[PDB]
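Quick setup: one chain, the form deposited in one PDB entry, written in structure tokens, and binding and motion questions come after.
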């Protein structure tokens, strides 16, 4: 999975050791249909891993979350589930020259929450494309 590759990329980038246990936890998360609980992951991995406690599952999940790879979804007095995240993108596109500039924007939860309302979709991530005319082509057209 490019997904597993890309998550490991990020771990290594941080100086996070890429241990058998981490590699496994993450691949399980990538392969997951719903977001699993720690207990789900632990039980899927225990056959292959020896030493492995439920504690180390949580400890590694905290490490993925600080690295931005997982979000812990809490349910008051329940077991969290852990969402292996796909990231959102925002691009502005020049209709004249075709240049793309990436920009950051702090989420679009409001939009995601309603689209989920109107469509029925369980939303994972979004790509926003903004069309227009870049500065350098503005000058030439003249604005």
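Residues that one form lacks are left out of the comparison. The term rigid core refers to the maximal set of C-alpha atoms that superpose within 1.5 Å between the two forms. Residue numbers count along the first chain shown, from 1.
We do not show the form deposited in another entry, though everything after this point is about it.
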Of 37, 31, 67, 96, the residue whose C-alpha shifts by 2 Å or more between the shown form and the other one, after superposition on the rigid core, is 96
Cα of residue 128 displaced 2 Å or more between the shown form and the other one, core superposed? yes
Taking the rigid core as the superposition reference, indicate whether the CA of residue 111 shifts 2 angstroms or more between the shown form and the other one. yes
Given a core-based superposition, decide whether the C-alpha of residue 87 shifts by 2 Å or more between the shown form and the other one. yes
Once you account for a change of 3 Å or more, let me know if residue 66 and residue 127 sit closer or farther in that other deposited form, using their C-alpha atoms. closer
Closer or farther: how do the Cα atoms of residue 127 and residue 37 compare in that other deposited form versus the shown form, where the change is at least 3 Å? closer
Taking the rigid core as fixed, pick out the runs of 3 or more consecutive residues whose CA atoms all shift by at least 2 Å between the shown form and the other one, and give them in sequence order. 87-137
